[PDB]
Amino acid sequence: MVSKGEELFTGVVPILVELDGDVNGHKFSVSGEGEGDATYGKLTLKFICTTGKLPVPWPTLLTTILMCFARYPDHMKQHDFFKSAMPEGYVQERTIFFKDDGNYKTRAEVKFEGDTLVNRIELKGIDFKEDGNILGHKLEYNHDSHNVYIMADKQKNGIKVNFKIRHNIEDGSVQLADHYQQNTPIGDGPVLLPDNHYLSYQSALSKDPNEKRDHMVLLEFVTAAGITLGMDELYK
């Protein structure tokens, strides 16, 4: 018997992900599996495009395909909306605007099914350029560190989240992907509404040498942190 969602994350938790996508009319499905351990903010997953070739680069899907696995330090545990909403889950919705190119709109449900934390997602992408960095597969196979800023959404009883991913391109340029995100509880019970804070992300992208299908192996580390008030040196 558990009184708080965070109690479900004291050990290793199995994960499943299932994604149905449609980008410029190219339809695909992705299945993922692995495990998360919130005590050190780790996720490890393997994803497979089960319908054939992925029509977009794996790195553009990475933010879409589990913030409940962040490590929140003791002094911040009262700000962890994500686990508080468990086991019933939360909905996570985004629009991601790729600068000078198309956009993804996503809706996901993250919730326990039996002992397993399951992320089920629909993604629709429109207005992409056939010869742009996305459909043209010009992204490097990596995803650099990023800090995502979170604030409470009082009226929806959830949170709002914005961040700007800088995807590296083969030619040395970057491709910006503006993320706008909202999460709301699935259940009707109380959740923690957090003060403003950060999640620090790292992601390491690899391939399984024995895997011949289109796939991505992913490791994420995620830890929560507070903010500091920047000051211009003039004011110090």
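Note that residue numbering follows the sequence shown and begins at 1.
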How big is the unmodelled gap, if any, between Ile48 and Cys49 relative to the deposited sequence? Choose none, 1 to 3, 4 to 9, or 10 or more.
none
Mean C-alpha B-factor comparison - 145 to 153 and 129 to 137, higher one:
129 to 137
Which is higher on mean Cα B factor in this entry, 34 to 42 or 166 to 174?
166 to 174
Going by the CA temperature factor in the entry, name the top one among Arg120, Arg71, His75, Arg94.
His75
Compared with the other modelled residues in the chain, in which third is the CA B-factor of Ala224?
middle
In terms of its chain's C-alpha B-factors, the third that includes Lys124 is the middle
Sort the modelled residues of this chain by their C-alpha B factor and say whether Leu66 lands in the lowest, middle or highest third.
middle
Please rank the C-alpha B-factors of the chain's modelled residues and tell me whether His79 sits in the lowest, middle or highest third.
highest
Chain-relative C-alpha B factor for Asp188 (record values, thirds): the highest
